[PDB]
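**Student:** What follows is upload_21.pdb; its format and atoms are PDB, C-alpha atoms (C1' of nucleotides).
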```
ATOM      1  CA  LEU A 730      40.583  60.317 -16.605  1.00  0.00           C
ATOM      2  CA  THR A 731      39.419  57.342 -18.658  1.00  0.00           C
ATOM      3  CA  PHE A 732      36.923  59.620 -20.347  1.00  0.00           C
ATOM      4  CA  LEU A 733      39.478  62.394 -20.869  1.00  0.00           C
ATOM      5  CA  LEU A 734      42.005  60.101 -22.503  1.00  0.00           C
ATOM      6  CA  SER A 735      39.137  58.609 -24.505  1.00  0.00           C
ATOM      7  CA  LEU A 736      38.813  61.922 -26.348  1.00  0.00           C
ATOM      8  CA  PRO A 737      39.785  61.880 -30.036  1.00  0.00           C
ATOM      9  CA  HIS A 738      42.929  63.558 -31.252  1.00  0.00           C
ATOM     10  CA  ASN A 739      41.041  66.377 -32.992  1.00  0.00           C
ATOM     11  CA  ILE A 740      39.892  67.936 -29.736  1.00  0.00           C
ATOM     12  CA  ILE A 741      43.192  67.380 -27.916  1.00  0.00           C
ATOM     13  CA  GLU A 742      45.137  68.956 -30.799  1.00  0.00           C
ATOM     14  CA  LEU A 743      45.482  71.963 -28.484  1.00  0.00           C
ATOM     15  CA  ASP A 744      46.630  72.190 -24.857  1.00  0.00           C
ATOM     16  CA  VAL A 745      48.580  68.988 -24.490  1.00  0.00           C
ATOM     17  CA  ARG A 746      49.364  70.411 -21.048  1.00  0.00           C
ATOM     18  CA  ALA A 747      45.863  69.464 -19.928  1.00  0.00           C
ATOM     19  CA  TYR A 748      46.133  65.827 -20.967  1.00  0.00           C
ATOM     20  CA  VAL A 749      49.709  65.066 -19.873  1.00  0.00           C
ATOM     21  CA  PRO A 750      49.214  64.711 -16.089  1.00  0.00           C
ATOM     22  CA  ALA A 751      46.036  62.683 -16.493  1.00  0.00           C
ATOM     23  CA  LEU A 752      47.866  60.354 -18.864  1.00  0.00           C
ATOM     24  CA  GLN A 753      50.730  59.964 -16.406  1.00  0.00           C
ATOM     25  CA  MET A 754      48.366  59.217 -13.533  1.00  0.00           C
ATOM     26  CA  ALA A 755      46.494  56.711 -15.678  1.00  0.00           C
ATOM     27  CA  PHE A 756      49.734  54.939 -16.546  1.00  0.00           C
ATOM     28  CA  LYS A 757      50.572  54.966 -12.841  1.00  0.00           C
ATOM     29  CA  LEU A 758      47.293  53.365 -11.802  1.00  0.00           C
ATOM     30  CA  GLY A 759      47.650  50.799 -14.570  1.00  0.00           C
ATOM     31  CA  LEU A 760      49.948  48.773 -12.333  1.00  0.00           C
ATOM     32  CA  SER A 761      46.845  48.040 -10.248  1.00  0.00           C
ATOM     33  CA  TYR A 762      43.923  48.428 -12.664  1.00  0.00           C
ATOM     34  CA  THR A 763      44.772  47.102 -16.104  1.00  0.00           C
ATOM     35  CA  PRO A 764      41.831  48.333 -18.244  1.00  0.00           C
ATOM     36  CA  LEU A 765      42.603  51.994 -17.665  1.00  0.00           C
ATOM     37  CA  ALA A 766      46.219  51.316 -18.603  1.00  0.00           C
ATOM     38  CA  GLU A 767      45.092  49.565 -21.771  1.00  0.00           C
ATOM     39  CA  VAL A 768      42.755  52.336 -22.868  1.00  0.00           C
ATOM     40  CA  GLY A 769      45.315  55.015 -22.031  1.00  0.00           C
ATOM     41  CA  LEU A 770      47.864  53.141 -24.103  1.00  0.00           C
ATOM     42  CA  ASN A 771      45.370  53.098 -26.967  1.00  0.00           C
ATOM     43  CA  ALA A 772      44.841  56.841 -26.662  1.00  0.00           C
ATOM     44  CA  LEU A 773      48.591  57.395 -26.536  1.00  0.00           C
ATOM     45  CA  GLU A 774      49.001  55.424 -29.751  1.00  0.00           C
ATOM     46  CA  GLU A 775      46.294  57.539 -31.350  1.00  0.00           C
ATOM     47  CA  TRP A 776      47.925  60.795 -30.283  1.00  0.00           C
ATOM     48  CA  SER A 777      51.322  59.653 -31.506  1.00  0.00           C
ATOM     49  CA  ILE A 778      49.813  58.681 -34.848  1.00  0.00           C
ATOM     50  CA  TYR A 779      47.617  61.680 -35.557  1.00  0.00           C
ATOM     51  CA  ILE A 780      49.615  64.533 -33.981  1.00  0.00           C
ATOM     52  CA  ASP A 781      52.965  65.881 -35.138  1.00  0.00           C
ATOM     53  CA  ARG A 782      55.651  64.431 -32.892  1.00  0.00           C
ATOM     54  CA  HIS A 783      57.280  67.859 -32.562  1.00  0.00           C
ATOM     55  CA  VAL A 784      54.646  69.040 -30.114  1.00  0.00           C
ATOM     56  CA  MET A 785      55.002  65.803 -28.133  1.00  0.00           C
ATOM     57  CA  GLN A 786      58.789  66.190 -27.947  1.00  0.00           C
ATOM     58  CA  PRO A 787      58.684  68.334 -24.755  1.00  0.00           C
ATOM     59  CA  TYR A 788      57.108  65.468 -22.807  1.00  0.00           C
ATOM     60  CA  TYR A 789      58.251  62.245 -24.404  1.00  0.00           C
ATOM     61  CA  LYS A 790      60.873  62.729 -21.692  1.00  0.00           C
ATOM     62  CA  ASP A 791      57.957  62.551 -19.237  1.00  0.00           C
ATOM     63  CA  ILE A 792      55.632  59.877 -20.598  1.00  0.00           C
ATOM     64  CA  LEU A 793      58.255  57.187 -21.133  1.00  0.00           C
ATOM     65  CA  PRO A 794      59.680  57.177 -17.563  1.00  0.00           C
ATOM     66  CA  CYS A 795      56.300  56.316 -16.085  1.00  0.00           C
ATOM     67  CA  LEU A 796      56.173  53.360 -18.486  1.00  0.00           C
ATOM     68  CA  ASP A 797      59.014  51.744 -16.547  1.00  0.00           C
ATOM     69  CA  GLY A 798      56.147  49.985 -14.819  1.00  0.00           C
ATOM     70  CA  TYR A 799      54.647  46.818 -16.251  1.00  0.00           C
ATOM     71  CA  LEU A 800      58.273  45.876 -17.011  1.00  0.00           C
ATOM     72  CA  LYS A 801      59.671  44.792 -13.653  1.00  0.00           C
ATOM     73  CA  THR A 802      59.328  40.991 -13.332  1.00  0.00           C
ATOM     74  CA  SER A 803      59.115  37.755 -15.307  1.00  0.00           C
ATOM     75  CA  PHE A 826      38.378  13.760 -20.877  1.00  0.00           C
ATOM     76  CA  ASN A 827      41.648  14.385 -22.689  1.00  0.00           C
ATOM     77  CA  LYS A 828      42.333  10.791 -23.692  1.00  0.00           C
ATOM     78  CA  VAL A 829      43.428   9.478 -27.077  1.00  0.00           C
ATOM     79  CA  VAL A 830      39.949   7.957 -27.381  1.00  0.00           C
ATOM     80  CA  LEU A 831      37.931   9.646 -30.128  1.00  0.00           C
ATOM     81  CA  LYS A 832      35.295  11.572 -28.191  1.00  0.00           C
ATOM     82  CA  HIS A 833      34.829  13.979 -31.123  1.00  0.00           C
ATOM     83  CA  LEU A 834      36.323  16.321 -28.519  1.00  0.00           C
ATOM     84  CA  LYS A 835      33.047  17.842 -27.419  1.00  0.00           C
ATOM     85  CA  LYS A 836      35.197  19.867 -25.028  1.00  0.00           C
ATOM     86  CA  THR A 837      36.639  21.630 -28.066  1.00  0.00           C
ATOM     87  CA  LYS A 838      33.219  21.692 -29.713  1.00  0.00           C
ATOM     88  CA  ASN A 839      31.753  23.510 -26.710  1.00  0.00           C
ATOM     89  CA  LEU A 840      32.917  27.111 -27.256  1.00  0.00           C
ATOM     90  CA  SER A 841      35.784  29.484 -26.683  1.00  0.00           C
ATOM     91  CA  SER A 842      35.550  31.154 -23.286  1.00  0.00           C
ATOM     92  CA  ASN A 843      34.918  34.884 -23.054  1.00  0.00           C
ATOM     93  CA  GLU A 844      38.032  37.048 -23.115  1.00  0.00           C
ATOM     94  CA  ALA A 845      39.523  38.833 -20.119  1.00  0.00           C
ATOM     95  CA  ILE A 846      42.517  41.148 -19.934  1.00  0.00           C
ATOM     96  CA  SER A 847      46.033  40.329 -18.760  1.00  0.00           C
ATOM     97  CA  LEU A 848      49.345  42.003 -18.026  1.00  0.00           C
ATOM     98  CA  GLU A 849      51.226  39.938 -20.590  1.00  0.00           C
ATOM     99  CA  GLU A 850      49.264  41.251 -23.553  1.00  0.00           C
TER     100      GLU A 850
ATOM    101  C1'  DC B   1      23.191  20.613 -23.896  1.00  0.00           C
ATOM    102  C1'  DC B   2      27.839  15.679 -22.831  1.00  0.00           C
ATOM    103  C1'  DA B   3      26.474  12.771 -18.047  1.00  0.00           C
ATOM    104  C1'  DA B   4      28.782   6.569 -18.281  1.00  0.00           C
ATOM    105  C1'  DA B   5      27.684   1.756 -19.047  1.00  0.00           C
ATOM    106  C1'  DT B   6      26.270  -1.546 -22.525  1.00  0.00           C
ATOM    107  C1'  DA B   7      24.766  -4.729 -28.021  1.00  0.00           C
ATOM    108  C1'  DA B   8      24.644  -4.446 -32.087  1.00  0.00           C
ATOM    109  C1'  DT B   9      27.143  -3.885 -37.977  1.00  0.00           C
ATOM    110  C1'  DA B  10      30.399  -4.202 -40.178  1.00  0.00           C
ATOM    111  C1'  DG B  11      35.927  -3.105 -41.335  1.00  0.00           C
ATOM    112  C1'  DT B  12      38.647  -9.412 -42.768  1.00  0.00           C
ATOM    113  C1'  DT B  13      38.986 -14.052 -46.321  1.00  0.00           C
ATOM    114  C1'  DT B  14      37.275 -17.252 -46.989  1.00  0.00           C
ATOM    115  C1'  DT B  15      33.289 -21.248 -51.536  1.00  0.00           C
ATOM    116  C1'  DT B  16      30.395 -21.082 -54.782  1.00  0.00           C
ATOM    117  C1'  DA B  17      27.537 -20.101 -59.191  1.00  0.00           C
ATOM    118  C1'  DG B  18      26.896 -16.594 -64.207  1.00  0.00           C
ATOM    119  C1'  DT B  19      30.595 -15.554 -66.619  1.00  0.00           C
ATOM    120  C1'  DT B  20      33.961 -15.381 -70.983  1.00  0.00           C
ATOM    121  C1'  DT B  21      36.953 -18.276 -74.273  1.00  0.00           C
ATOM    122  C1'  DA B  22      38.840 -21.975 -79.586  1.00  0.00           C
ATOM    123  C1'  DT B  23      37.614 -26.331 -81.746  1.00  0.00           C
ATOM    124  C1'  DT B  24      33.055 -28.019 -83.893  1.00  0.00           C
ATOM    125  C1'  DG B  25      31.105 -28.850 -89.702  1.00  0.00           C
ATOM    126  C1'  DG B  26      26.124 -26.446 -92.013  1.00  0.00           C
ATOM    127  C1'  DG B  27      25.567 -22.878 -99.053  1.00  0.00           C
TER     128       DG B  27
END
```
In structure tokens, write the structure found in this file.
**Tutor:**
Amino acid sequence: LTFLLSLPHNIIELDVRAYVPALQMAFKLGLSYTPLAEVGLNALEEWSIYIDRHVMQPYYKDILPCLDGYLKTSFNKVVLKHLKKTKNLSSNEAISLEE
DNA sequence: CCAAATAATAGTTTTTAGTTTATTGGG
């Protein structure tokens, strides 16, 4: 499903029926596995941007309800060390729910 | 490739020695 949603808009410009359920299931599994949710969100943005919203109208009533998820809850001294801690690096990025 | 404990150099404000001036008396 990650691959399917990863398809460009050009190919998916026909048979939105194929891609809808996979998108919904991706958004469902996002509550557990974030990266699939992120990439599916990216694909959904792309489709919204590059496809006429009229053809998505029949199932905006479907996509949005499954997005109810993810919205449910809510050394270092003043001494001048040149702050080699800061000078070290920035740590590699991971993904999070908040973003 | 950071990992801590230890003397040096130089941030003061001190005197002193090259300074520069208005009165000197020469066609």
**Student:** Name every residue that the PyMOL selection byres ((chain A and resi 780) around 12) selects in this structure, writing the answer as a list in words with chains first and numbers rising.
**Tutor:**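 Written out, the selection comes to residues 737, 738, 739, 740, 741, 742, 743, 745, 772, 773, 774, 775, 776, 777, 778, 779, 781, 782, 783, 784, 785 and 786 of chain A.
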**Student:** Suppose a student applies the PyMOL selection byres ((chain A and resi 767) around 12) to this structure; what residues should they get, written as a PyMOL selection string?
**Tutor:** chain A and resi 731+734-735+752+755-766+768-774+799+846-850
**Student:** With 12 Å as the limit and counting all atoms listed in the file, what residues in chain A lie close to chain B? Please list them as a compact mmCIF listing (two decimals) with C-alpha atoms, in the coordinates of the input.
**Tutor:**
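Below you can see part.txt, which holds the result:
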```
# COMPACT_ATOMS: atom_id res chain seq x y z
CA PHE A 826 38.38 13.76 -20.88
CA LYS A 832 35.30 11.57 -28.19
CA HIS A 833 34.83 13.98 -31.12
CA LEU A 834 36.32 16.32 -28.52
CA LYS A 835 33.05 17.84 -27.42
CA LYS A 836 35.20 19.87 -25.03
CA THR A 837 36.64 21.63 -28.07
CA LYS A 838 33.22 21.69 -29.71
CA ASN A 839 31.75 23.51 -26.71
```
**Student:** Set up a box along x, y and z of the file covering all listed atoms of segment 11-14 of chain B, add 3 Å on every one of the six sides, and write the centre and edge lengths in Å to one decimal, as AutoDock Vina command-line options.
**Tutor:**
```
--center_x 37.5 --center_y -10.2 --center_z -44.2 --size_x 9.1 --size_y 20.1 --size_z 11.7
```
**Student:** Which is closer to residue 753 of chain A than all the others in A:787, A:795, A:830, A:843, using only C-alpha atoms?
**Tutor:** A:795
**Student:** When you draw a straight line from atom CA of residue 730 of chain A to atom CA of residue 749 of chain A, how long is it in Å?
**Tutor:**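 A separation of 10.8 Å between them.
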**Student:** Mind completing segment 734-754 of chain A with N, CA, C and O atoms? Output as a PDB file, in the frame of the given file, please?
**Tutor:**
```
ATOM      1  N   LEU A 734      41.127  60.739 -21.537  1.00  0.00           N
ATOM      2  CA  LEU A 734      42.005  60.101 -22.503  1.00  0.00           C
ATOM      3  C   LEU A 734      41.223  59.507 -23.660  1.00  0.00           C
ATOM      4  O   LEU A 734      41.760  59.395 -24.765  1.00  0.00           O
ATOM      5  N   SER A 735      39.957  59.157 -23.438  1.00  0.00           N
ATOM      6  CA  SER A 735      39.137  58.609 -24.505  1.00  0.00           C
ATOM      7  C   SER A 735      38.797  59.636 -25.573  1.00  0.00           C
ATOM      8  O   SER A 735      38.230  59.263 -26.605  1.00  0.00           O
ATOM      9  N   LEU A 736      39.116  60.908 -25.354  1.00  0.00           N
ATOM     10  CA  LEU A 736      38.813  61.922 -26.348  1.00  0.00           C
ATOM     11  C   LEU A 736      39.603  61.666 -27.629  1.00  0.00           C
ATOM     12  O   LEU A 736      40.720  61.144 -27.587  1.00  0.00           O
ATOM     13  N   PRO A 737      39.045  62.024 -28.780  1.00  0.00           N
ATOM     14  CA  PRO A 737      39.785  61.880 -30.036  1.00  0.00           C
ATOM     15  C   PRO A 737      40.950  62.852 -30.088  1.00  0.00           C
ATOM     16  O   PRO A 737      41.113  63.730 -29.242  1.00  0.00           O
ATOM     17  N   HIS A 738      41.780  62.677 -31.114  1.00  0.00           N
ATOM     18  CA  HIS A 738      42.929  63.558 -31.252  1.00  0.00           C
ATOM     19  C   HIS A 738      42.511  64.957 -31.672  1.00  0.00           C
ATOM     20  O   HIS A 738      43.148  65.930 -31.266  1.00  0.00           O
ATOM     21  N   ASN A 739      41.442  65.076 -32.464  1.00  0.00           N
ATOM     22  CA  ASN A 739      41.041  66.377 -32.992  1.00  0.00           C
ATOM     23  C   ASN A 739      40.871  67.392 -31.876  1.00  0.00           C
ATOM     24  O   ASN A 739      41.409  68.502 -31.937  1.00  0.00           O
ATOM     25  N   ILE A 740      40.128  67.019 -30.839  1.00  0.00           N
ATOM     26  CA  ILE A 740      39.892  67.936 -29.736  1.00  0.00           C
ATOM     27  C   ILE A 740      41.185  68.226 -28.987  1.00  0.00           C
ATOM     28  O   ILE A 740      41.482  69.381 -28.661  1.00  0.00           O
ATOM     29  N   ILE A 741      41.988  67.193 -28.721  1.00  0.00           N
ATOM     30  CA  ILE A 741      43.192  67.380 -27.916  1.00  0.00           C
ATOM     31  C   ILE A 741      44.313  68.047 -28.687  1.00  0.00           C
ATOM     32  O   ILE A 741      45.372  68.315 -28.107  1.00  0.00           O
ATOM     33  N   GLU A 742      44.111  68.329 -29.976  1.00  0.00           N
ATOM     34  CA  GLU A 742      45.137  68.956 -30.799  1.00  0.00           C
ATOM     35  C   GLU A 742      45.659  70.256 -30.211  1.00  0.00           C
ATOM     36  O   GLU A 742      46.666  70.779 -30.698  1.00  0.00           O
ATOM     37  N   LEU A 743      45.007  70.786 -29.184  1.00  0.00           N
ATOM     38  CA  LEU A 743      45.482  71.963 -28.484  1.00  0.00           C
ATOM     39  C   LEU A 743      45.515  71.668 -26.993  1.00  0.00           C
ATOM     40  O   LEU A 743      44.733  70.860 -26.487  1.00  0.00           O
ATOM     41  N   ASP A 744      46.445  72.327 -26.301  1.00  0.00           N
ATOM     42  CA  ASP A 744      46.630  72.190 -24.857  1.00  0.00           C
ATOM     43  C   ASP A 744      46.914  70.734 -24.476  1.00  0.00           C
ATOM     44  O   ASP A 744      46.143  70.063 -23.785  1.00  0.00           O
ATOM     45  N   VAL A 745      48.064  70.262 -24.958  1.00  0.00           N
ATOM     46  CA  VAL A 745      48.580  68.988 -24.490  1.00  0.00           C
ATOM     47  C   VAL A 745      48.867  69.048 -23.002  1.00  0.00           C
ATOM     48  O   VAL A 745      48.858  68.016 -22.325  1.00  0.00           O
ATOM     49  N   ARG A 746      49.112  70.250 -22.474  1.00  0.00           N
ATOM     50  CA  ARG A 746      49.364  70.411 -21.048  1.00  0.00           C
ATOM     51  C   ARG A 746      48.232  69.843 -20.213  1.00  0.00           C
ATOM     52  O   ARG A 746      48.476  69.272 -19.145  1.00  0.00           O
ATOM     53  N   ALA A 747      46.994  69.986 -20.681  1.00  0.00           N
ATOM     54  CA  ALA A 747      45.863  69.464 -19.928  1.00  0.00           C
ATOM     55  C   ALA A 747      45.928  67.949 -19.813  1.00  0.00           C
ATOM     56  O   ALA A 747      45.684  67.390 -18.738  1.00  0.00           O
ATOM     57  N   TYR A 748      46.276  67.272 -20.901  1.00  0.00           N
ATOM     58  CA  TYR A 748      46.133  65.827 -20.967  1.00  0.00           C
ATOM     59  C   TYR A 748      47.335  65.075 -20.423  1.00  0.00           C
ATOM     60  O   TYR A 748      47.209  63.890 -20.094  1.00  0.00           O
ATOM     61  N   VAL A 749      48.484  65.730 -20.312  1.00  0.00           N
ATOM     62  CA  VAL A 749      49.709  65.066 -19.873  1.00  0.00           C
ATOM     63  C   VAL A 749      49.527  64.480 -18.477  1.00  0.00           C
ATOM     64  O   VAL A 749      49.643  63.255 -18.319  1.00  0.00           O
ATOM     65  N   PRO A 750      49.233  65.282 -17.444  1.00  0.00           N
ATOM     66  CA  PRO A 750      49.214  64.711 -16.089  1.00  0.00           C
ATOM     67  C   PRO A 750      48.192  63.608 -15.923  1.00  0.00           C
ATOM     68  O   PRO A 750      48.450  62.625 -15.218  1.00  0.00           O
ATOM     69  N   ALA A 751      47.031  63.743 -16.564  1.00  0.00           N
ATOM     70  CA  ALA A 751      46.036  62.683 -16.493  1.00  0.00           C
ATOM     71  C   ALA A 751      46.566  61.406 -17.118  1.00  0.00           C
ATOM     72  O   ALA A 751      46.352  60.311 -16.589  1.00  0.00           O
ATOM     73  N   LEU A 752      47.267  61.529 -18.245  1.00  0.00           N
ATOM     74  CA  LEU A 752      47.866  60.354 -18.864  1.00  0.00           C
ATOM     75  C   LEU A 752      48.882  59.706 -17.939  1.00  0.00           C
ATOM     76  O   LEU A 752      48.919  58.478 -17.803  1.00  0.00           O
ATOM     77  N   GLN A 753      49.721  60.519 -17.299  1.00  0.00           N
ATOM     78  CA  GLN A 753      50.730  59.964 -16.406  1.00  0.00           C
ATOM     79  C   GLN A 753      50.081  59.248 -15.234  1.00  0.00           C
ATOM     80  O   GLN A 753      50.501  58.149 -14.854  1.00  0.00           O
ATOM     81  N   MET A 754      49.041  59.847 -14.659  1.00  0.00           N
ATOM     82  CA  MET A 754      48.366  59.217 -13.533  1.00  0.00           C
ATOM     83  C   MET A 754      47.669  57.937 -13.960  1.00  0.00           C
ATOM     84  O   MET A 754      47.662  56.949 -13.217  1.00  0.00           O
TER      85      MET A 754
END
```
